[PDB]
Amino acid sequence: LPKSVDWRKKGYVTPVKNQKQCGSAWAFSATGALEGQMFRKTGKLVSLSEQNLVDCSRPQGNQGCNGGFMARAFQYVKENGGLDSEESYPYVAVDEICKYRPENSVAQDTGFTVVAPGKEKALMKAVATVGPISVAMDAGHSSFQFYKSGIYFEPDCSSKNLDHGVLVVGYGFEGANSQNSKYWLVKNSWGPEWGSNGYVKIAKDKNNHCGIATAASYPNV
Amino acid sequence: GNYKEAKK
Ligand SMILES: [Cl-]
C-alpha cells in the first residue's frame, strides 16, 4: 500500500458542505462516498443530494434529521434505483416531503461493501484501492468541536459508541518517516470554517482512535 | 458495526 493517499488531489471530493442544525451527518458521509465512486466510474464530479436521503430513506431505517446510517443510505439508493443531484434537490436542514425525481438522478449503486470492523489495516487497504470511505466516529467532545489543526487525539474517545458519520479521504504522516505520526484525512460536514478548512487529521494506528475503523463502508457502483 | 446510536 502507498505511504500516503489524498483523493482530494485526484478530483474525487466535492468542496466541504454544512449539515447545519440537522442530525444528517450520515447523509453527508454517504453522499461523499458515492461522489467518489461515481467519479471513479465516469470521470465526472457531481455533488449529490443529502436532502434526498433525509426525506426519502425512512423505509430503510433512517430518521432524517434525527439520525441515520450510511449503510441504510446506500441500501436506499440501491432499492430506489437512483439519487438526485445537490443542485436538483437542495439541502434545507429540516425533514421534508420526499421529492425524489428519477429524471434528475445522477448516481446509482448495487449495495455496499463493509470493511472488517475495528481493523485499521483493512480500512487503509480500502482507502488506498477504492477511494473515499464512509466511517462513523466519536465526535462528542468539545476538543473536536474546537479542533483547529494538527493530529487530533482525545483520551476520552470511544471506539465502539459512535455518534457521527464522516468521510475518510486519505491518510498520511508527518515528517520523513512514513511509519509514525500517522493520520487519517477526514472530511467533516460542519462547513469549511470548522476545523482545518473543514477537515481533521485523526490519529492513525493508535488503537482505532475514535472508532474510525469500527463501521466503515462504501457503495458499489 | 454500530447501531447503538444513530450517526447524527
Ligand atoms: Cl453505517
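Values below: every heavy atom of this structure, side chains too, minus hydrogens, waters and symmetry copies. A, B, ... follow the sequence lines: proteins, then strands. Residue 1 opens every chain.
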Asks: Run the salt bridge (charged side-chain N to carboxylate O under 4.0 Å, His left out) test against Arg40(A) and tell me which residues pass, sequence neighbours left out.
Replies: none

Asks: Might you point out which heavy atoms bring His164(A) and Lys7(B) nearest each other, and give the distance in Å?
Replies: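 Nearest heavy atoms, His164(A) then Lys7(B): C-CB, 4.0 Å.
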
Asks: Search all heavy atoms of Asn161(A) against all heavy atoms of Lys4(B) and return the closest pair with its distance.
Replies: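 In terms of heavy atoms, the two residues are closest at ND2-CD, 3.0 Å.
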
Asks: At under 4.5 Å between heavy atoms, what parts of residues 12-26 of chain A are in contact with chain B? List them by residue number.
Replies: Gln19(A), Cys22(A), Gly23(A), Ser24(A), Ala25(A), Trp26(A)

Asks: Please give me the minimum heavy-atom distance between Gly1(B) and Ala215(A), naming the atom from each residue.
Replies: N-CB, 3.7 Å

Asks: Give, as side chain, backbone, both or neither, the part of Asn66(A) having an atom under 4.5 angstrom from any heavy atom of chain B.
Replies: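 Looking at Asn66(A), backbone and side chain both touch chain B.
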
Asks: How about NZ on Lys160(A), more than 12 heavy atoms from neighbouring residues, nucleotides or ligands closer than 6.0 Å, or not?
Replies: no

Asks: Report the residues that fulfil salt bridge (charged side-chain N to carboxylate O under 4.0 Å, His left out) with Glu79(A), sequence neighbours left out, ordered by chain and then residue number.
Replies: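 Checked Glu79(A) against salt bridge (charged side-chain N to carboxylate O under 4.0 Å, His left out); zero matches.
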
Asks: With a strict 4.5 Å heavy-atom criterion, list every residue of residues 113-144 of chain A that contacts chain B, or say none.
Replies: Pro117(A), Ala136(A)

Asks: Applying side chain to side chain contact (heavy atoms under 4.5 Å, CB included) to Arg72(A) and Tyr3(B), what does each step give before you reach the verdict?
Replies: CA-CA 11 Å; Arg72(A) 289 176 184 176; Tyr3(B) 300 98; 3.5 Å; yes

Asks: Can you name the nearest heavy-atom pair linking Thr214(A) to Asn2(B), along with the distance?
Replies: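 Heavy atoms only, the tightest pair is CG2-ND2, 3.8 Å.
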
